[PDB]
Structure formats: C-alpha cells, structure tokens
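So this one's two forms of a single chain, laid out as structure tokens and tagged structure 1 and structure 2.
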Structure 1
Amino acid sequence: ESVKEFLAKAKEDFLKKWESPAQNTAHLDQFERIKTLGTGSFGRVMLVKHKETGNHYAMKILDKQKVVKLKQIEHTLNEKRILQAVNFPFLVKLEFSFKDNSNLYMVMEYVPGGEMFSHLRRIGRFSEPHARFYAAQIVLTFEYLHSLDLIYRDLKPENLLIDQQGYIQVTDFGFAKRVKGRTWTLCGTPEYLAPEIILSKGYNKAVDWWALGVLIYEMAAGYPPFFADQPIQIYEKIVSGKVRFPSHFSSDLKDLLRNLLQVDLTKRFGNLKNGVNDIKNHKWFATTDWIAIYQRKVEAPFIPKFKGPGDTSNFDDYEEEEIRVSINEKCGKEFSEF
C-alpha cells in the first residue's frame, strides 16, 4: 500500500493548488515566438523562447471569442485549473498562464520528440512490447488522475508527446473535469468514444479505460478498432461493440482488449471491485515493472532523433499566423478566473 500512500499525498498537494490556482504568472512580451507546432479546432500551439532565461516552451493560444462561440468557456476554465494543479511524470507541466485583451495563453514544457500520432502513422504499427511500454504509462497516469476524481476524456495518439528519453507526456486537458458523480457531456474523439457516451447515458471514469483499449488496439494494429469515413458510421460500429483482432495479436493482448473494450460496465476492467489492479496484474502486463516505469528506469523502445535545442523536425509545418491582440478587452467577465 505504498501506491495508496503515494496517492494520499498526491491528493493533498493537488487540492491545495485546486483551491488556490496560480494566475497571471507571465506576459506575452516575455516570449519570442519561433514556430507553430500545431493548429486546429483545438487552438494553436507555438514554440516560444523565454527571453529572460532563454528556455524553450510550448505556448497554447486560445482566441477568447472563438472559445465563447464554441461554447467551451467552462471546459477551458477546467483545463487551466486542472493542469496547473496536477503533478505526475507523464503529464505535461504548465509553467505559466496569462491572458490579454484577445487571447488566453498556457505556456507548457516543450516536448521535442513530437506526437505519438506522427511516429505511429509513419512506422505503421508498434510491436506489442513497444505498445505495452506506452500503455503502462497511461495506466499509471489514469490511476493518478482518477484518484483525484479527474476524468480525462480525450485519450488518443494525437495527445501523447514523446520526450527526449522516449517516455510519454500527456497534453491537452480541454475535456478534463473534476467530478465525483456521473457526467453527461458528449465530448471526445469519435474513434475513442465509449458506448455509454454515444448513447447519452451519463457516464463516469470508466470511459477512460475504454479509451485505453482503443489506444492499445490502435498502437498494436496500426488502425483503430472502429473506423469509417464519417462519425455517424463510427458510432454505429462502437455501439455494436464487435471487435475483430489482427491475426498477429497475441492471445493475452486479445484477452486484455476484450475486457477493456467491454460494453458491460459490470465487467469492464478498471471499473470493477479490484480497480486498476485487474489491469496491472493482467497476463499481457506480466513482464511490466510498474515501479521502474514510474521512476523512468526502463529503457525506452524508441528514442526521438533530436539535433538542436529548439529543433522542430519532429513536428509538421503549418502556416504561420499573426497573434493579433485587439485594442479592447473581449469576454472579460467570462474568463475572469483564468
């Protein structure tokens, strides 16, 4: 019960930051903008250099007016409150946050190895030991998050960054939520949605363990267990729940996946009386040393190739856009707590 003891003290540290969140800890002028590392409906993430220390960071920029328009105000306040409060080896660190007239800014530690998504698509698929190495890190991270009553709700390779030592850093807490009961928001990514989300049932932390099943499948197969050209067709496949496995999947992997990709909440691993230990003690994880993983003592199966200090070869190229800061404050009352 030293996991039990680690988590008790983890919670005391989280709650102190949760109740008194850090706010307005830098300013845009302290950073020089270098390159856009990512951009989509989720916002825009730029490599920046902190002028006074020269440190490199990844700065997420959110347009306040666009957040309001997408009705993502509360989710955005969730994300910053939660991310500034957590502390775990596989969660990206939030170093500073601030806002100006037009934008919200979250300055995170820069993870130079790129997105797992990039390497997975290029390489095709990961071998089972390679996928097991990443999966173990997610299992420990969800154990940590869920003990704080946090639901993550957006696991996918696009949100997992690879650091210089080959370990995972989870990013994007846009859908993360602290909740003790059930919740109802339809959010996530189509391929990763648990059936109870699609069926508008009210759901809990068990949806994260379903998403882990999708991730492990996608890493080991090279494609997700439910895909189609349009989301409506993906949802139909998810709710029937019939998974076919590639012929090269081991017998243990298939058995773990049948228990994670389980429509019946009374049988889904992670959700039962034994909690996460049904997963940690499964046969597929028998060669996994959970303490060595946490301590980062396991040699990683893949090490990113990294040349410079702000080298960005592991990220795609995007059209650089201006960072326009209006002359008037926008949505002041909505984001007062940011």
Structure 2
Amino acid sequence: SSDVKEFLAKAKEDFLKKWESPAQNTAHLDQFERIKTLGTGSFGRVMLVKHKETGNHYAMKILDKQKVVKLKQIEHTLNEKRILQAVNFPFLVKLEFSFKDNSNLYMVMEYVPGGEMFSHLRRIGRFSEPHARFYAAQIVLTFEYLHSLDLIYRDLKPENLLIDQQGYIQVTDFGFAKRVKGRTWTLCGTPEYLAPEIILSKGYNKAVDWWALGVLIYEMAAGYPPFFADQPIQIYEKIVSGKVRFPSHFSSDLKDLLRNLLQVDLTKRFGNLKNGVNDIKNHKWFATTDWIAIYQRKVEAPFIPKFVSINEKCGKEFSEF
C-alpha cells in the first residue's frame, strides 16, 4: 500500500527527469572493441562488443540511418530509444549507452546470454503452475511499473522474454512501446497476443497488456496458445469469437484468473478496474506469491539456463537521437 505508493512516486520522478532531458551521445564507437556478430536486426547488425576500460560485454545494435528512413521507422526508432533511456526496473533490459555517427545509430544494450522463453517453452513442452506463476509475477510488477508511467508495452510474447542467469525474466524489445494517456489505435503485435479491441480498430488502452498476460500465462501453463490457427486472419477470428477452452489439468484458480484476464468486457477485465493491479496481485492463484521477494530477486528460480561513410546521413531526421 504505502510503500508501493512512495515507490511509484520515486519511479515516476526518476523517469520524467530522463524523459524530458534524454541523454545523447553518451559514448563513442572507439570506446568499444568488436567481438562477433550476435545477429541481424531490421536496420543492421547486432554486434557483441567489449568496452575497452571495463571489459564488460554488450549487444550493440547498429541501425543504418538510411535503412531506418526507407523502412519508414524514424519516429518509432526515436521513440524506442527515448523510452529505453528513461526507464529502470529489474526485469527490463537496460539501454547502457547510445550515440550516432555519419552512417549509423548505435544502441548499446545490456547483454544477457541466456535463452529466450520461446525456445525453453518449445523444448520443455509446458511449465508447472508454480514455474509459470513465478514468470507471470515478474510480468505483473513490470506492467505495474510501466503503466504508472503511462507506458503501454503492446508486444508481450515469449520471444521478447529471456530467462537470465539467475533464472529471472528479462523483458527484451521496446519496439512497439508507447507513452499515452487515454487511448490509441495502432494495429501491431503478433496475432496470438492481441486483445479483441485491437483487432476491431475501436481504440484501446493499457488494458491490452493484461489480456496479453492472460495469453502468456495460458501458453506457459498449456504449452500452446489459447487462440491459434494457420493464418493470422483465422487467429483474429478465434480471438473475437473469444471462446476459450482450458486444458483438463488447469486448476480451478488458474481458470478463474484467466477468465478475468481474457475478458472482452473492459468494465470487467482485471488490471483496469478501480482496484488496479491488486485485483491481479490479490487473486487466489497468486496467494503463494511473495511480491516483494520477487522484486528483490530473492525467490529461488524454477531453473537456471544452460552454461561507415565519410559523409553525414539524415542529420535532421535523427537530431534528437
């Protein structure tokens, strides 16, 4: 109650200070030693780098400025960086440094070699209710924090979730996040996770994040998503149908929580009622959840994963980066 209200006041002070004065050019390419390519992003490579003084490793996203412009992602790229530099939470991947040169933008990310929940769920099949509850608890507090800042996450899915070296969740990609008060209308997100009000273009708010949590919790515990089909449009039709069947092994409590999260009626969906997130945190399925020890990372994990051009391009477009 009272500690949560002070904590969020401090959270929001900390955020608004960075949000209204974003940090720019906080490092330089020459401070980093290039090791190997980690993968490909939409606008360029993601490189493993080692800082030269600290020896710490990072995953440096390189974004070609001209490729950003012609894939039409200028404002999104600027917005993603502005949000990343301004937030701080145990379960959010950190933007450690950002800067730009003649050709590229660079987002130097925390690097956690780990294993994404996507692969882990695939290989293990499904999680016990306690294993899943432990993940879902970190998502709840993450959304509590993100929503107090008026941020909608809008992209929850196992691919954006890695299991770090202490076995905790790290939320990995802010490509779709948006700061908004009230409502917004963009269609985005992988189909399996979209709330009905997104599909139907009627406008939506941060309550879509709690629907998507209902989906993830369902998927982690069943081993498959509740709404699934061969084509995206069939997925869309099954979500709007809204008829959901639970496996025979789902507890009475889990079913009851899932029905309050996968709820088409916004006036009834958990998370966005007068009691806020406590309607979720106070549910019987979370009775055994110690929320403070989750936040402190003190709860024992269910498992610990396996062992440039000479000319300046698009200067006006990227001035605030």
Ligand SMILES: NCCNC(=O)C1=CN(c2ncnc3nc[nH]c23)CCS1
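Throughout, residue numbering runs from 1 along the sequence of structure 1. Throughout, rigid core stands for the largest set of C-alpha atoms superposing within 1.5 Å between the two forms.
Shown first, as structure 1, is the form solved in complex with the named molecule.
In the overlay on the core between structure 1 and structure 2, a shift of 2 Å or more in CA position is seen for a single residue of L272, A300, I34, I293, which is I34.
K71: CA moves 2 Å or more between structure 1 and structure 2 after rigid-core fitting. Annotation: Cα of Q262 displaced by less than 2 Å between structure 1 and structure 2, core superposition.
Relative to the superposed rigid core, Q84 undergoes a CA displacement smaller than 2 Å between structure 1 and structure 2.
Superposing the two forms on their core, we find that the Cα atom of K330 is displaced by 4.3 Å between structure 1 and structure 2. Core-based superposition between structure 1 and structure 2 puts the Cα shift at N24 at 2.3 Å.
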